[PDB]
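Undergrad: First the structure, then my questions, so here it is.
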């Protein structure tokens with residue numbers, strides 16, 4: 001019923017770096033997806049209380065959202081591009097698992113995922 005704590009965006013024990021690929025993921029990939037007309041459901045964690053989704057955090061055991069990814073990029077949480085790409089892929093997959101094919105939210109996630117794949121196809125070499 002109650003929401004879990006959000007995914008961590010700060011952890012002094014976790015190793016991290018600034019890389020050209022992580023800068024690309026913030027300034028090109030996230031920038032593009034964040035501004036999209038369909039971004040808004042993905043800009044913060046799923047509020048399963050407000051949305052009356054009492055099963056959401058029973059079905060989705062690795063929550064992720066672009067608000068969390070934005071904070072992780074801006075606050076240098078990540079070691080490499082793969083960690084950040086995995087977060088985006090977890091966000092999309094969660095949406096596809098919880099919802100039905102052709103649901104509005106699934107079509108919105110698919111539109112963001114198409115733009116995501118366009119942009120990571122052109123990920124710079126390290």
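Neighbour counts run over all protein chains shown; Cβ positions are idealised from the backbone, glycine included. Each reported figure results from applying straightforward, stated rules to the coordinates on display, with no laboratory input.
Undergrad: What is the spin-label model distance, in nm, from residue 86 to residue 2 if the labels are put 7 Å beyond Cα along the C-beta direction?
TA: Going by the 7 Å Cα→Cβ label model, 2.9 nm.
Undergrad: Let me know the Kirkwood hydrodynamic radius for segment 19-123, please, with Cα pairs as the basis and the value in Å to one decimal.
TA: Answer for segment 19-123: a Kirkwood hydrodynamic radius of 14.1 Å.
Undergrad: Now, a different point. What distance in nm separates the two pseudo spin-label positions at residue 38 and residue 75, each 7 Å out from Cα along the beta-carbon direction?
TA: 2.9 nm
Undergrad: Which of the peptides 49-55, 32-38 is most tightly packed, and how do the rest follow, going by the mean number of other Cβ atoms within 10 Å of each residue?
TA: Result, highest mean Cβ count within 10 Å first: 32-38, 49-55.
Undergrad: I would also like to ask the following. Please give the FRET efficiency for residue 111 paired with residue 13, using the beta carbon to beta carbon distance and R0 = 30 Å, rounded to the nearest 0.05.
TA: Efficiency computed from Cβ-Cβ geometry: 0.25.
Undergrad: Taking only Cα atoms, what is the 0 to 90° angle, nearest 10, from helix 104-121's long axis to the longest principal axis of the chain?
TA: With both axes taken from Cα atoms, the answer is about 10 degrees.
Undergrad: If one takes the longest principal axis of the Cα atoms in the chain, at what angle in degrees, from 0 to 90 and to the nearest 10, does the Cα axis of helix 81-98 lie?
TA: It is inclined by approximately 10 degrees.
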